[PDB]
Amino acid sequence: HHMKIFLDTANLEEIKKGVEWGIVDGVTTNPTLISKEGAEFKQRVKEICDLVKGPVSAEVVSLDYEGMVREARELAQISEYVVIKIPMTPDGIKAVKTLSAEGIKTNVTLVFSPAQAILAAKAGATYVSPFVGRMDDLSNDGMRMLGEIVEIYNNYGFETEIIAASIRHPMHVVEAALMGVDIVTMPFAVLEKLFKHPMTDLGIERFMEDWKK
Amino acid sequence: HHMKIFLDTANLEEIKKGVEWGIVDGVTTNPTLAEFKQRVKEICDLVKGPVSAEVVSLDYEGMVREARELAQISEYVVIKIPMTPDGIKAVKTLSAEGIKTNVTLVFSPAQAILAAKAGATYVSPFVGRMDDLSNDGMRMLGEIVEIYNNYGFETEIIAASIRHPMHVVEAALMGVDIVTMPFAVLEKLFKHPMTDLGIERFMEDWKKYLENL
Amino acid sequence: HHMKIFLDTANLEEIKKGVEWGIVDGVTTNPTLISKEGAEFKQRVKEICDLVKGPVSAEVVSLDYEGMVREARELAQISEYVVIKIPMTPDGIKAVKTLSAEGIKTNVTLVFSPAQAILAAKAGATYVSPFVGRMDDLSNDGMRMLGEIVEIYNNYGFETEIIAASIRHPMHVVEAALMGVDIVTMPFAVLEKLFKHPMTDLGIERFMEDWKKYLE
Amino acid sequence: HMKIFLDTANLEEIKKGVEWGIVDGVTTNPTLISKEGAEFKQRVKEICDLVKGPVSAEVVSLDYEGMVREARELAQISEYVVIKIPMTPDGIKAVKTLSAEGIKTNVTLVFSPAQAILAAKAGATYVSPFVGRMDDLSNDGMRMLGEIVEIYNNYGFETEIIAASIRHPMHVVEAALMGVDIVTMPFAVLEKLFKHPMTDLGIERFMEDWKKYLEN
Amino acid sequence: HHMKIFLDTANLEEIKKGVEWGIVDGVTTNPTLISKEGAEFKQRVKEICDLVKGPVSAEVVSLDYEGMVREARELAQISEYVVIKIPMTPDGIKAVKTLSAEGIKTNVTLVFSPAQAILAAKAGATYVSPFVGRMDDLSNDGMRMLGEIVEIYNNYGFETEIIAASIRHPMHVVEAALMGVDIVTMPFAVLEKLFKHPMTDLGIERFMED
Amino acid sequence: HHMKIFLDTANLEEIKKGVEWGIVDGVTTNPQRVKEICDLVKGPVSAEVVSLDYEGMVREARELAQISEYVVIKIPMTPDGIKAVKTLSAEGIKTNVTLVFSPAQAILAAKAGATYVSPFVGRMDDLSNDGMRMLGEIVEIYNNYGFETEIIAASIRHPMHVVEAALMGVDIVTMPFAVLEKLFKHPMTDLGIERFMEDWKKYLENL
Amino acid sequence: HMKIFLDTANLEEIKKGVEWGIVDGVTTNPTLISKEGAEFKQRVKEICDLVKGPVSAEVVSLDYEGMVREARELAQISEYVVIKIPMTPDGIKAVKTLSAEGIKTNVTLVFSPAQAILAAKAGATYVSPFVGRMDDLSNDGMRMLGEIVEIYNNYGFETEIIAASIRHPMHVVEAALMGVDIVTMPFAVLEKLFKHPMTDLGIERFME
Amino acid sequence: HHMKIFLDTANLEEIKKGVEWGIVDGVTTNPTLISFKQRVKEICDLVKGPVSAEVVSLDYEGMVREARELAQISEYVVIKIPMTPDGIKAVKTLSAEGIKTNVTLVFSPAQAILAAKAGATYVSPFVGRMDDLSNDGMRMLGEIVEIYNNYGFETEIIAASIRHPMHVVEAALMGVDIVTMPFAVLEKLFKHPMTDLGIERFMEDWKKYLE
Amino acid sequence: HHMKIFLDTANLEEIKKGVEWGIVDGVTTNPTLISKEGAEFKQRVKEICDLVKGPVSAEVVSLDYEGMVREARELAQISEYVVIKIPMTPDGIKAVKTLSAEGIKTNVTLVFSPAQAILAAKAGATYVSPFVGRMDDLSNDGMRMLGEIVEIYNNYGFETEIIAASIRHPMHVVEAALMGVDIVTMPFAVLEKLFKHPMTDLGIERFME
């Protein structure tokens, strides 16, 4: 029932730091994010799985149903932790139906509406990833759409878990936690911020000043 | 349990598409949607879930007579009964014989309570038609959801006369059991311009990651 | 639950329709109603019990404690379904304490406040009957008083069941259902109204032309 | 000030209404007049002379030409005559025409806020949403009325809202609480508004206190 | 427009105390209260008027329209401050319409519903007196009925002023004030209570202690 | 303060129909005839420009404005469009900023001096991102600051859009004729008319 | 619009307050006046001269006649002097009298909205509800203040509300959020209002 | 699931009075109030409930080393860990070894989530210190309580930096697990002037009864 | 009564584009920003003033009262549009009192609490600048803190205007607008985002025949 924190990264030092802290439960990874890093796609996913020992989402290349399913099966054989990122499309939903029936975990991504979220859950997705920050930047309120998806999923007890994605800043995390999102996936830089508070630092000096005297 | 989506259709490709997606749970039908009993059998074998089919007669005896005949087509067949005194009398009789019913042409919460008390398997409030009167069909649906939550009537609510995506989202936010919709509306539920942009971007990026070698 | 619907009637044809629809659970009665049907009191209470096979509330003549109890015992003998209507008075509450201990069901009637309703439950009444329409006519809001009684009975889980009474029109029934009242008792004329909607009629005209088109 | 009109053609009840200083106008129809043994116009004149406030009267025709024709002839009876026009396309056309000629209109048979907006935009003097008839469909007529009041407040349409199809005291109180301009009701409803059992008891008690004051 | 406080009394010492404090704006009266002072009705009403120099509500004997009007005119002659108490009935409302037209001030009393309060206002009452505490005792909530009347009167700006009547205790006063009733009429005993708080007394001992 | 109804049309019979009823205040158009419409409605008639560059938009706007005092120039919500609104406002040329899907866009439209903004409700609804909520945010912000810009609820698809827009107090709703026709209608009205005729019949039998 | 008074008799803290342009008056007690090293009347005068705004000062007597007598005496010190009157029947009588003479009053020791109504009807210039002292009883002083604000708004009493018995910044903020006319607070609380750790970090950063 | 009250104290007389009343369930300490090992032991023996005690070191290795030393004093000892990256690392380690932890210096709900995820026994948000910044400490506490209800973190919330009675009441009204307070504030909670007057009066009635 | 938009910048091209659009009303600056353009402090402030012809907030070097006032008077001479940024400190507040009395406009900056904002208004600040984004990052909700300030300033009609500052993204702007803040100051990058919507683009292509 604990809130899960995933990292949006392929950087292994930051994932080690996350697990050191006992705060990071998985990783979401990407074309873009592996574009940032430039190592072996399958290799990098295996390394990450070994490190976090929790859900690692990895995207498929193909966009047609047959190719998505083919590649999903391939990626799934890397590790029991691998979760397949599927884009929210009709073929992607078809793929989730097929892959869920063979025990392959899926993460439906690029979700921007509660309607899409419903479909993802009904198709049997393991996770859904609504993109909060990208909606917020349209000024159409991504936290509100996240709240509608939570509400709907609470109404029906869909087994699908919600990953609040496109998380940009600490308030995203706090508001997600206040509405009771299952998982928040965030950049390491955002995670680092969550530790910090200027009153904490003053409190600590109100210790350290003393022992000089 | 899960929110159910039925299709308002008799088109078998649409239904096939629906089941391929793993998102369509049943079908609601009418004559206008080519031989009646056959089309119903074909649809039953395809969806393998509740298929609502309407009777010709409006007198109690005729409704019951015809319901029994339609019920023989398939275990999946649900008999559509119009909200009338005789229709309610026919629901009492049919429920006692294990024949599934869907009370239709419901435009008030009062009608909905009689339907449930008579033993209807489903009730179908007509949202869109009320909306067009400017008397708010979604509010009337919400009243029916509220009443049925109050008493735990076994009857399930099918939000009907669904015209657009916001009907489906609002119905889901109030926790309606089932929403029955045209296939065209279903198709819209998959779609978002931010999804399409995200797909273009993930490709552009991946293809630049691959272009690196 | 299931929300229950009782009929305020002594007419057997109306009750027969009510049970033919599978929608009427019981009947609330009074001497006037029965009297109006050319029926004797006990036969007609009996006739009604046999027909509805569900709670049939019937009033006693006496207002003193001893007489109420005596007559309640006599009426209870008519049928297992008979529920004794007791007016909300000190003596009537006393009578409910006594009758409840003997397994005789009671319906405390003439309730116009939540305070009265608490006493009826605490005495062990099977039912309480707040008079909504009558309070409405005083412009003191009967639905609001009904909502307060439902809220109190939800807080404490009194076994006593609430019969929305003095129901005049369909919104009374809908508002009562929306608050979750246990039972609404209504005239048959009100029940008939509940079936009806203009859009249902137009839908039926339409699905008939759709069918006549299709045969083609 | 909230206005009260009477749904009646009875002159005694209108005289009482004016004696009490609480009736501002009257809404009529041919059946009320017929019930009184009266020819239509005449009974409208009689009522105008008595209430000396807005008296709503219907026309026979439903086509735009005939409505306008007849409206003009009715309007000549008295400065107080307000022409009832059914909410239709032709009726709305007639309102535009008649408002431009200084003839007052009451758009009747309104059952939705969309209808109400059209009536106001056409320039209706009054709009009459039918609360009780909606209530009986269990679609909540008071909520519909509230939506119209809300919209009318948003835009300050000159059109005044007459809460119509009023059946009981709570209708009036609820319409007052939302601030409708006018409530038109049957006399029987008006009579109920005066009444309360605690007022009666207060008067019994007040007579006892004078009686005792005097004795000492 | 300040909230007004009227006293339910005929006792002149209580009223003098009330005016000494600059808190009492008027008086509502009845034969019982007067009787209990050992006083005649019309005389006592005059003495109260002279003392409070504000609205003094006084009841008429008759219940028929003609007798109520006759008597109201006689009582009105006592003083410019006299307000005629009229029970809420059809004939009472008829009388208000008549008396309003003659410049005679009226206070419609025995009001137990918002419907009654509407008619009182429409007939032209100077004041309406909803009976809060007696409704409260029926457990049908007199404060809620008062708030309904306040709401309705705000919606239409009736000139009629609301006197929260049948006031029993300080919370009646405070709740009536929070909803913004025009006037509260209360027993002196209730007014005395309003001054009081144990922390005030403790504060006074402490800025005596030092 | 009256709510305005514009028609989404170029059909002159439906516009005559609308003005006959005294319920249509203007017209919004899309893909010469603009003059005919102006003459008929004698109220704001929004017409789009071809160009998308600032220079071209302004050039064309000036040309269209000369057809009639009633002409309002449709400008798409873009940087160049906003620049064009600045310029045209200064010259007394009325503008209607269209393709608005966020409150952020509407603020800029108002600040640049748009006569009207047109939020697209129905199109947002179909994204299941709630177009009526977006409109309500724009109404709220415009009430906070009293922008002189008036809000045209656009992309209106059905009666409830109109009723909800009214309940929020939008300045103007622009709708298809088909929607406007629906607004007149109710089954209880029809029944009451049938009943009304029955009572005149009765009334006649009885003397 | 919001006024800030200081609960003090210390002239350096009052000077700081006026230097900052944020202190509008002073509320006093002989405890503070003697705590400095001065006499009732003198320091009241010195404070008036310094703050040039309302300076509330308490009387010794509790009987009506003595309260009025002393109030007149104190009022002669400066046009700024406002007389503190305890919320009692005699105190309310005194307010009626002194209002009529143009002498300003501050009804103090108010713990209920009923008391506040009487204070306003008697013609008090100010009322001072004791927030923190109620808070300590766990009966919620800020709620009782909120009720008085709400009632004064309802009726537009000319009497102004001084939130008193203020002990910490959140009292000030909550008072401001409800729109109290005036908050009177100790100097120590005022000093806190300036402060935030993010401000200090901002200063290290920007000025760097 | 009673609300717990802890005492911010090292004074044993106050603690004794607290356990005599049957109201005090534990104690939160610091070296200040201590005028280290033996007193913590004396307090543990007296309260027989959770006794929070802080470590000297701020690096992860030193924190963990000292926590294990303190933990051997008594089963009741809970180790105070400041909300830092190393502190949270320490919590993970110590939780795994069955050593109880109290994450302190919490000023945001973000911090509070990390503490619960790390497996802290308790978290101590500093209400009063935030209140004094005028950023509303009770609101931040409410946010943490709502979050911990959403997810059912086993971590319990200790409302800390409690300065007055309304802090206690508002923390109770939001359903915080535990409130740690100074004795002085505890003393205040007993008191009300209407109680005192009721007792004066009840006496008066006895002496009248004895008529 | 219009909502004002200021730019957080010293870049003149961005300010020109802002004024071209007729949506930028002023500028808030710092020497970080101006150095990144490679420019002298006062000359850049003057250039900006000429360009926006609206309020241009500029920070002083000193933190003691005397120096702040001294420098403020010097900056104020540059242009009628110059507004002096003063950090929320006791001396800063002292300086606001003094400078207000001389008709020199002030912007109290580094505000993180409503208490701070009341003192700023009472001392006579022209503007107050609450730092939303930095509070947000502490997870203490900067929008809520801004809302409290707006509410307080509405309660009392302080003449001081609120500049929502530390604005990082489009929802900051929309939520500040929904609360009715007087002014939002934002980076150009955020202003650019405000124009944009994918449905606007698609609508354009649908007429791009």
Side-chain angles (χ1 to χ4, degrees), chain E residues 207, chain G residues 1-11 13-14 16-31 36 38 41-42 44 46-51 53-59 67 70-87 91 94-95 98-110 116 119-120 122-131 145 148-149 152 157-166 172 175-176 179-187 189-190, chain I residues 97 118-119 121-124 156 158:
Chain E
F207 320 150
Chain G
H1 257 299
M2 201 186 75
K3 309 308 175 53
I4 300 177
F5 304 168
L6 281 192
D7 282 22
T8 174
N10 175 328
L11 288 164
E13 50 196 52
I14 293 166
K16 282 218 185 173
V18 318
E19 280 184 337
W20 291 326
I22 54 167
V23 175
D24 302 288
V26 168
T27 39
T28 256
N29 54 62
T31 346
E36 277 311 310
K41 280 172 152 188
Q42 186 53 236
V44 169
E46 284 171 299
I47 290 170
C48 293
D49 285 14
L50 194 52
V51 87
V55 186
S56 75
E58 61 198 57
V59 286
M67 254 170 305
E70 283 133 47
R72 289 166 175 165
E73 181 177 16
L74 278 192
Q76 269 158 48
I77 300 181
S78 91
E79 347 76 26
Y80 294 116
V81 166
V82 169
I83 312 297
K84 277 143 96 58
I85 311 283
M87 170 65 83
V95 176
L98 303 153
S99 275
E101 305 184 12
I103 285 174
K104 296 173 283 149
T105 49
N106 171 9
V107 176
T108 189
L109 291 177
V110 165
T125 308
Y126 305 100
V127 268
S128 315
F130 283 40
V131 166
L145 182 58
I148 290 160
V149 171
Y152 281 22
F157 296 118
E158 312 88 328
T159 309
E160 295 212 308
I161 297 151
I162 297 166
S165 176
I166 301 301
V172 179
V180 79
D181 302 300
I182 306 172
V183 3
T184 191
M185 29 162 297
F187 186 63
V189 177
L190 188 58
Chain I
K97 193 207 166 176
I118 98 90
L119 303 194
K122 285 192 72 57
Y156 297 105
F158 290 134

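In what follows, chains are A, B, ... by sequence order, proteins preceding strands, each numbered from 1.
For the pair G:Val23 and G:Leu190, the minimum side-chain heavy-atom distance is below 4.5 Å. Contact annotation: the side chain of G:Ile4 approaches that of I:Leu119 to within less than 4.5 Å [non-hydrogen atoms, C-beta and beyond].
Here the straight-line distance linking atom NZ of I:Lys122 with atom CE of G:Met2 works out to 6.0 Å at 0.5 Å rounding. Distance CD/G:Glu58 to CD1/G:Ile83: 11.0 Å, rounded to 0.5 Å. Separation of atoms CG (G:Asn106) and CD (G:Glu160) is listed at 11.0 Å; rounding is to 0.5 Å. Distance CE/G:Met185 to CD1/G:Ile162: 13.5 Å, rounded to 0.5 Å. Rounding to the nearest 0.5 angstrom, the gap separating the CD1 atom in G:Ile103 from the CD atom in G:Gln76 is 8.0 Å. A distance of 10.0 Å separates CG in G:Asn10 from NZ in G:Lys16, rounded to the nearest 0.5 Å.
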Just do the side-chain contact (heavy atoms from CB on, under 4.5 Å) check on G:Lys3 and G:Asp181 with the steps written out, would you? CA-CA 6 Å; G:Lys3 309 308 175 53; G:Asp181 302 300; over 6 Å; no
Between G:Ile182 and G:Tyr126, is a side-chain contact (heavy atoms from CB on, under 4.5 Å) present by the stated rule, with each step listed? CA-CA 9 Å; G:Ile182 306 172; G:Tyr126 305 100; 3.5 Å; yes
Does G:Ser78 form a side-chain contact (heavy atoms from CB on, under 4.5 Å) with G:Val44? I'd like the steps, not just the answer. CA-CA 9 Å; G:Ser78 91; G:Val44 169; 5.7 Å; no
Could you go through G:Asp7 and G:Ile166, starting from their C-alpha distance and side-chain angles, then the distance that decides it, and tell me whether this counts as side-chain contact (heavy atoms from CB on, under 4.5 Å)? CA-CA 9 Å; G:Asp7 282 22; G:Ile166 301 301; over 6 Å; no
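Taking both residues in full, the closest heavy atoms of G:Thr105 and G:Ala124 are given as OG1-CA, 3.5 Å, listed atom of the first, atom of the second, then distance. For the residue pair G:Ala116 and G:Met87, the shortest heavy atom distance occurs at N-CE, 4.2 Å. The minimum heavy-atom distance linking G:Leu109 with G:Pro86 is given by the pair CD1-CB, 4.5 Å. The nearest pair of heavy atoms linking G:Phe5 to G:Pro54 is CZ-CG, 3.8 Å. Minimum heavy-atom separation, G:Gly123 to G:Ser99: O-OG, 2.7 Å. Residues G:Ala164 and G:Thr184 approach most closely at CA-CG2, 3.8 Å, considering heavy atoms.
With sequence neighbours excluded, the residues forming a side chain to side chain contact (heavy atoms under 4.5 Å, CB included) with G:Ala120 are G:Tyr152, G:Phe157, G:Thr159, listed by chain and number. Listed by chain and residue number, G:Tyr64, G:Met67, G:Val68, G:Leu98 satisfy the side chain to side chain contact (heavy atoms under 4.5 Å, CB included) test with G:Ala94 (two or more places apart in sequence, or in another chain). Not counting sequence neighbours, the partners of G:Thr108 by the side chain to side chain contact (heavy atoms under 4.5 Å, CB included) test are G:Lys84, G:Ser128, G:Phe130. For G:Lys104, the side chain to side chain contact (heavy atoms under 4.5 Å, CB included) partners two or more places apart in sequence, or in a different chain, are G:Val82, G:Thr125. Annotation: salt bridge (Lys or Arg N to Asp or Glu O under 4.0 Å) contacts of G:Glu73 (sequence neighbours excluded): G:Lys41.
Exactly one of G:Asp24, G:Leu11, G:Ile14 qualifies for a side-chain contact (heavy atoms from CB on, under 4.5 Å) with G:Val51. That residue is G:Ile14.
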